[PDB]
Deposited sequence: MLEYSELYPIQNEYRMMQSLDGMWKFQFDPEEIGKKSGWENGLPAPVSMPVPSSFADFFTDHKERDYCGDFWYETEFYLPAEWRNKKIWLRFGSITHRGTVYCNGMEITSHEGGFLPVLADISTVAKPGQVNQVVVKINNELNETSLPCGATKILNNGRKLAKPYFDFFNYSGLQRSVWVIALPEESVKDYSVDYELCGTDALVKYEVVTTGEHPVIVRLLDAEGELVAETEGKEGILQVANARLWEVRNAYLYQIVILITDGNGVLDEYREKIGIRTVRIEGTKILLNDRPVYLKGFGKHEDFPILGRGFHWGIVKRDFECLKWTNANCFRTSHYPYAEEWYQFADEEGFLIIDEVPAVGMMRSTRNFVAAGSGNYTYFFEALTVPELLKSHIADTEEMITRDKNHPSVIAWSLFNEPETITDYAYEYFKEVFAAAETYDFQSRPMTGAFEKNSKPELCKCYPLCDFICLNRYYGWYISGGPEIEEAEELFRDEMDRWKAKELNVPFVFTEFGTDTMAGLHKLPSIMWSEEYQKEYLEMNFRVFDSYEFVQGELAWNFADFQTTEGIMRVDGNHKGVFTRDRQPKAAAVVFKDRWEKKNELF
């Protein structure tokens, strides 16, 4: 990549300043901002919080549902001491696509709404002065970028997003924004991989810098004591009596990467890492050479009013709830999350399946593939050095039963392999139409993830005993193929309205959610090769309006304000 994905830090060599706060904001329904000088300042803005999704602040439909071009602006004072450093704007994300301007100049554009955007403003920045950033953003959905959908035009030119996916089209500046200053020669990337040697461990590494000066790499333990040191951009750190990062029992070392010249230090990058191995052996998932059974949820970045806006408070509550259920894992359904989620999983010992926004899947397919590969490259480069990340999910319910689909996913998986220094497991989640007899893509997967709704979308309610038989029939067919790979259920659930009680149970009641889960567990537990269960969803979350969604999706085990339905105890007791 042409920029660094490294999380920003503050030290003697690197500076950072937050641009979070109230920005200026303006909708552009006529698509005239770039024709009308808006990159030099918005003509009639309102205030908009950053980070946040814009939609749920407003009280009128047309602003909530806005689809098209819209603009953000803020001003910031740049300290004089940042003069002739490499100065970057760093956006946690820009959703879905956008162009960044600084002091009236076009800097960069990005497609993909869930990964960092880096804009080099070195040549236009004004140290010791007030500076301006303006972002043009667009949130339309199409079939050449992820996640896929369409854009409908109503009978007055008004656009409406039409997702091919079951989550609301939240957009805007949903993550923190920084301005940062780097040394002219800096650490741009690094990668770590691990090998266990009895009571010792090896940390294999590579470092990419923007120059040719020597690199020194140090490893510090949790209390900051030096435990290993080596020279070179590629090397091995030897760790005596290594304290491994374990499931629900984290330990983090600190890697310290120095660029030196002489004499002195030119740059220093530091990050917490965890020494751990993950591999698939037969039908088992091994973490540090011991089998682990995945227990947890698919989540969303979703909270009242903020939308997908990042807040550490949502992270804290959600992890306390996860721990209370005795979970050990979640999937970042259906897009990479803010970086802070992974930082915290590293601290709490949670396992993450990191998912690219390949959901909602012609002459457009070659362009779509380019987008998909780009998002995959960015995700893996950003997230690879988190110990929590133990697998990549490269799709959620695509078509997989044609040879075309096979050729498409071969390319995606090939790109993922070249970018992951650790070569950790790659998978994706399959929908039911990917029949064991028809699917051509499951052979690309290190382990297989199934989304299934036997007892909800298939033979629900009075037909639940038929649903169980259909489920066992399918699992028997998978069993008979003897693939010798682990299966993980990445989705199963029922919409459940908090407070809806019925005896005997009905679809949508709290009691049916319990009974459905119990049926599913009986099926899971009947097959040796099932090695994980991630329920859909951790919490009720927002979707597009329609006749099948009663204020979003209610398959949460928790409510949207993070309180447990009756089924939450069922998980807690089972996962204990």
task = Can you give me the gaps, meaning deposited-sequence stretches with no C-alpha coordinates, in sequence order?
result = 1, 363-382, 598-603
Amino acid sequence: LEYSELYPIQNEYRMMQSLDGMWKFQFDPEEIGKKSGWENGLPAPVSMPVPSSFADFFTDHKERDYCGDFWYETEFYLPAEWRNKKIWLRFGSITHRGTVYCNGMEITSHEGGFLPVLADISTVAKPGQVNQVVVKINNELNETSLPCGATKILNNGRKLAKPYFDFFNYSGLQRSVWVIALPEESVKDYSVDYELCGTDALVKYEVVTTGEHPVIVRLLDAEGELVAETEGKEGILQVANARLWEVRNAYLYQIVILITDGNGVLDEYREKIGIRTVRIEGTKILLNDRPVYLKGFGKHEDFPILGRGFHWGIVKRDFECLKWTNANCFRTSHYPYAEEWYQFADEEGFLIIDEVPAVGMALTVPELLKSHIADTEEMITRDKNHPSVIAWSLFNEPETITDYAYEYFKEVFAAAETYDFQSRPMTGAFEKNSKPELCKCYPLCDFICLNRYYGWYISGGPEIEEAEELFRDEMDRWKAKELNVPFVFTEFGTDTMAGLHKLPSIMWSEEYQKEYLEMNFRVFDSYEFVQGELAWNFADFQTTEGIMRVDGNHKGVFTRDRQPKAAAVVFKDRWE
From here on, numbers count along this sequence of modelled residues.
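Superpose the two forms; the largest set of C-alphas matching within 1.5 Å is the rigid core.
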query = Which of the two stretches, 271-279 or 425-433, moves more in 7 other deposited structures of this protein when the core is held fixed, judged by C-alpha RMS distance?
reply = 425-433
query = Superpose by the rigid core: which stretch, 395-403 or 345-353, shows more Cα shift in 7 other deposited structures of this protein?
reply = 395-403
ask   = 218-226 versus 416-424: which one carries the higher mean Cα B factor per the record?
value = 218-226
note = The stretch whose C-alpha atoms carry the larger average B-factor in the entry, 56-64 or 523-531, is 523-531
remark   = Listed options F168, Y442, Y454, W341: highest C-alpha B factor recorded at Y442
remark   = Entry record, C-alpha B-factors for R308, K152, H386, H334; the maximum is at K152
query = Among the modelled residues of its chain, does the C-alpha B-factor of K162 lie in the lowest, middle or highest third?
reply = middle
remark   = Of the three thirds of the chain ranked by Cα temperature factor, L89 occupies the lowest
B-factor third for the C-alpha atom of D495 within its chain = lowest
ask   = Which third of the chain does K35 land in by C-alpha B-factor: lowest, middle or highest?
value = middle
ask   = When the modelled residues of the chain are sorted by Cα temperature factor, does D561 land in the lowest, middle or highest third?
value = lowest
